[PDB]
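Read the structure below first, then the notes.
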Amino acid sequence: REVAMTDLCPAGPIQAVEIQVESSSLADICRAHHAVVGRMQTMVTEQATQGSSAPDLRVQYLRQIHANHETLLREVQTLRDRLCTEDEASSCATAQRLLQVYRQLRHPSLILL
Amino acid sequence: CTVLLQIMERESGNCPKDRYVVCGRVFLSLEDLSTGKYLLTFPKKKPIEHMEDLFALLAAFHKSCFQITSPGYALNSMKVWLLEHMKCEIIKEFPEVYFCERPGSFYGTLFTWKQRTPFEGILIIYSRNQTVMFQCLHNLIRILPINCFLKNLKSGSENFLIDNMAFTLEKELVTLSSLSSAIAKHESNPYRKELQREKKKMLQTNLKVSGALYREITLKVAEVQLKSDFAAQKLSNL
Amino acid sequence: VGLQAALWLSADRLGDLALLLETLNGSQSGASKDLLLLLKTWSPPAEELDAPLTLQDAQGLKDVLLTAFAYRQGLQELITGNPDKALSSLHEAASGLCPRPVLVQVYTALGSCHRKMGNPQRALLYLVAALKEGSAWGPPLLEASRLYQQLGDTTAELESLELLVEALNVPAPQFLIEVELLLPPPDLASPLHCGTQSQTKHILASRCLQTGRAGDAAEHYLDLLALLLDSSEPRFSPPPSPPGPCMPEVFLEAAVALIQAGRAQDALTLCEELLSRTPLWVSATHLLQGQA
Amino acid sequence: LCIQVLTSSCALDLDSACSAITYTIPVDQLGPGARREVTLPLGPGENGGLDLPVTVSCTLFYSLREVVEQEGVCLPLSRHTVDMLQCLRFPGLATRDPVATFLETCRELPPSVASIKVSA
Amino acid sequence: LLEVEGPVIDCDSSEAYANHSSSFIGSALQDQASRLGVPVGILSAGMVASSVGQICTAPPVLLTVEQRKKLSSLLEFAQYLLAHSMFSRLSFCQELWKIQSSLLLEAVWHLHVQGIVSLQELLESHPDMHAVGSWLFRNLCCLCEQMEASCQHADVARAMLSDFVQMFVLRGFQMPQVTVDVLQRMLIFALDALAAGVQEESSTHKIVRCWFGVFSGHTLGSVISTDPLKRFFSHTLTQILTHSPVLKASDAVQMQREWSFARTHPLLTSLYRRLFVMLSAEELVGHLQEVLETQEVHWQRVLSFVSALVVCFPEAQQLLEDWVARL
């Protein structure tokens, strides 16, 4: 799906593309993302050669992302402390928690510029 | 035959270091087997004093790993089920390993039992077929307490997979934070009226960010997305 | 024999029990006057062949008797004051069938043993284990109170009693001889006795008043005395009790704490109310009324 | 030829029942322009469960002895990773683990989404 | 170790200088914890804290020769412990504040930047907030005394001080009462240093100098979004105004000669200039009208402030006369 995202870039976005993967199974989403990110990793290495100079991004955007990330980070870190000291458990509902922190990030994972 | 040990590293994505080692050369013949000397044939060779016999049984045999949780009793039936009902001999050089000497269908079967939080524990069965595994679990669940929740583990224990998942997220979110930190460093990179205007020009806000730096970090991050997708499939089956 | 010994162990006829088991096993086991060797040595005979059904078998009864007897032996040795003989039998309760309420009580009991031996840092581990595994976490907090008293860390002691007060608010069987039948109702002196919210709230306020936080202690006293006097509608709060100090002494302590707080008019009202409701405590009533 | 199919990676708490399967076939009189073909299973024999990515790696081994310290050499031909996108099947365009069920018996939602964005 | 084991350092676990490998010491921790019935994270955290006390004792805020080597080796061991899930963070912070005197601000900054705890997790994990306030105030004062012993040490000291101020202004404007109180304490110390007394440019003037130096928002404003940084400067202005309204004498006329621009201290002048840099003119004038309408005043600061204001901003004499006429 072609998309135009005004507030990634300062002048004009690029008319970017979006791959999307729906399914029942979160496991098959993990696998499909693995795949598609494999591909993009390879093609951006292969096109560091031609050097499409990848325009210069805004800052409000970056800090917006940054706070959204540094809440989830401390959440995960306290979860790990609880696991270390056997305070809560290591059985479950932690699994269902971490697989929502996962899902949080896999939606627009790696917009690529 | 010739025996060839290949080694391939996983960290380095250049596929650089794929070693190999020719570790030997195995001869067999029917004249050798007819004198025993390499066979494993049950009961007369019960008392295992060459450990290669044990590793052969642990390689050939069907392996299944169960987790046991009693949520409302305790778990001390297991050593008893193993030593009395199954009449197991522990191996001396490896005391985590019990060998069944109950002379019927279970003979040969090998267990291990690793206990953790005396409610929880884990059982591993090496059986020669899968009906013997079913038989063993019939006998077990007939002995245990009433609310006990067996669970066959395909890809490791949930306690291990929760750590392997939480590491892979606190690596990734650190990397996605490093993005903004290294960015912020780049973003950083009449007389009184004159000084005021000069310091304004100094503090003219850097609204823009180097794309190529962002790119380096998006690859740095993509490798960690990959690690976590693996770690999540391993835990979302379970 | 399992059933007989369950009756005799619920009714404390251990002299008859051990004699029965000496007769049952070979009388070569004659000088083994201990029970917890005879109960183990006692070996029911069969894998229970294709015979008439039964709700319970001899091993599922023996695994119950051993843990119940080991707990009982351990609590007796503790209260009688031999907390090195406890640990053996109180580990033999947990090294066996143990429903997880029996486990929580074994852990508090072992916190108690180590506190008595002078090992607070070991005792805290067992009380923490009990808090974690249990859904009845009064007695652990109580034992911790006693332990911080033994040390001196009095604000911590008081915080533990506050939590216990919060914990006494919050609240299935089987057609099968369980372990929670062969346990007794706990004595007063045991570490597993915990009173009722009224008694415990007075304990909190007493131990706060001795320590010198009279405002907080008086607040706790009024929040106690309301639960005895204002209560007509809900379930009735139990008496602080006959062994404990009677009503008038409580009014007196309340008025003293209230004076120390600086609420002399409220102390006067309490004393006048007591005199309206109705000795030594009257002379003292006039005394506190004077200091007001 | 030495082919080796390595299942899922990242060594676990519990050593699995099959960390890898390996095939070897002798090459005889291949010559120039010729072509050999081998089909291998990768797919679920147990449980109906295939874990991805799976990497299939071929190599060639030369033996000094056969024409007449341990002696041979390996050489590293290719390495393919099979991922989901090669394993999808679009049918209109043209089961419940047995041990788990065993244990249940003896003892007796939204669509998930992923996306990317890429510079045109 | 006195009760379970009969009558704690890495030497104990590692058994008398056998080796130094991470996995060796980690297995030692696991075994010792198996003996004691404590979980491994608590042992490992308490040991790391004990060893930090040792290191920072063995001979002031910073430490740079060989203490940094010991500490960075210990910290690269702590990261392995964390990655293998054998390091309780909160336990570690608690066992640090138990020590609390042996520790140095450079140590806690290293902890922060190398990712073991963060300054926010430390300061939000001490029971008595006042003790942390005083501890910071002392350490920050000795730092601003430092960063003039060398331009080399000044780099690290300015790095950690800019780090601290970034974290403070970030949290306490977007507990954070700790943060705001630390900043107010710094302001009040500086006001009493300049307005109330003499300095000789020997001690405490260097302190207020370096505080205003980090306060100058080129190092800070780059990273920090200037929505909350604006509120920081506004509350800073108000707190410079309000505090110590002595010399409220309405006959404070001849003291205008002594509040003359050249006589008012150059650091007062510079801070006023910088609060003008990071803000705008007309909003400042309106805000000043409202504040000086609302609440009591220290006239010295306001008079030197207008004295710098009118010449600082580009042609706002008419806009000053405007609210004077309104008043």
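Quick note, the sequences are listed as chains A, B, C, D and E, same order. The entry's author numbering numbers the first residue of the first sequence as 769 and each following residue consecutively. Reading the second sequence from the start, the letters are residues 595 to 783, 811 to 859 in the entry's author numbering. Reading the third sequence from the start, the letters are residues 143 to 313, 318 to 424, 449 to 462 in the entry's author numbering. Reading the fourth sequence from the start, the letters are residues 543 to 610, 634 to 659, 672 to 685, 701 to 712 in the entry's author numbering. Reading the fifth sequence from the start, the letters are residues 61 to 67, 77 to 128, 134 to 248, 262 to 414 in the entry's author numbering. Cβ atoms here follow ideal geometry from the backbone N, Cα and C, with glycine treated the same way.
Here D:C600 carries a strand assignment [DSSP, helix/strand/coil]. Taking a Cβ-Cβ threshold of 9 Å, none of the residues of chain E is close to A:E843; the smallest such distance is about 13 Å. The beta carbon of B:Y667 falls within 9 Å of a beta carbon belonging to chain C, placing the residue at that interface. For B:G715, the secondary structure class from DSSP, reduced to helix, strand or coil, is strand.
Secondary structure of C:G144 (DSSP, three-state): helix. Of the residues B:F705, B:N746, B:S671, the one whose Cα lies closest to the Cα of D:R673 is B:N746. The closest CA to that of B:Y835, considering only A:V771, A:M773, A:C777, is found on A:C777. Rounded to whole angstroms, the gap between the alpha carbons of E:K317 and E:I311 is 10 Å.
Under a 10 Å Cβ-count criterion, D:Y565 is classified as exposed, with fewer than 16 other Cβ atoms of the shown protein chains found around its own Cβ. Counting the other Cβ atoms within 10 Å of the Cβ of B:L773 gives 16 or more, which makes it buried. Excluding five sequence positions before and after D:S558, the CB atoms of its chain that fall closer than 8 Å to its own CB belong to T549, given in chain order. Within the model, the alpha-carbon separation for B:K821 versus E:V364 is close to 6 Å. Contact annotation for E:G106 against chain C: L267 [CB-CB distance below 7 Å, chain order]. Using a Cβ distance threshold of 9 Å, E:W410 and E:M342 do not count as a contacting pair. In the three-state DSSP reduction, B:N783 falls in the coil class, being neither helix nor strand. With a cutoff of 9 Å on beta-carbon distance, A:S859 and B:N741 are scored as not near each other.
At a cut-off of 9 Å between C-beta atoms, E:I94 does not count as an interface residue with respect to chain A. Take D:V596, set aside five residues on each side of it, and the residues of its chain with a beta-carbon closer than 8 Å to its own are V547, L548, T549, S550, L584, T646, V647, in chain order. Of the residues C:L355, C:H366, C:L303, the one whose Cα lies closest to the Cα of C:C340 is C:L303. Under the 10 Å beta carbon count, E:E345 is surrounded by fewer than 16 other beta carbons and is classified as exposed. Any Cβ of chain E closer than 9 Å to the Cβ of A:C852 would place that residue at the interface, and such an atom is present.
Proximity of A:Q809 to chain B, defined by a Cβ-Cβ separation below 9 Å, is satisfied. Partner residues in a beta bridge of E:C225, as assigned by DSSP, do not exist.
Not a single CB atom of chain B sits nearer than 9 Å to the CB of C:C392. Counted as a single uninterrupted DSSP element, the alpha helix (DSSP H) harbouring E:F151 occupies residues 141–157. Judged by pairs of C-beta atoms under 8 Å, the stretch 561–579 of chain D does not touch the stretch 405–423 of chain C, as fewer than three such pairs exist. In terms of Cα proximity to C:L229, the closest of C:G216, C:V312, C:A278, C:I349 is C:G216. DSSP lists B:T596 as the bridge partner or partners of B:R619. When 8 Å is used as the limit between beta carbons, B:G832 is near these residues of chain A: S821, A822, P823, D824, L825, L881, in chain order. A check of alpha carbon separations from C:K258 across C:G276, C:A235, C:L289, C:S277 identifies C:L289 as the nearest.
By the CB criterion at 9 Å, A:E786 and A:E770 fall inside the cutoff. Taking E:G207 as the centre and dropping the five residues before and after it, the same chain places the C-beta of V265, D268, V269, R272 closer than 8 Å to its C-beta, in chain order.
DSSP places D:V705 inside the beta strand (DSSP E), whose first and last residues are 704–710.
Contacts between B:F851 and chain D, judged by CB atoms closer than 8 Å, involve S550, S551, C552 in chain order. Separation of the CB atoms of E:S199 and E:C225 is rounded to 35 Å, and the pair is thereby denied contact status at 8 Å. Residue contact with chain B for C:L239: present (Cβ-Cβ distance below 9 Å to some residue of chain B).
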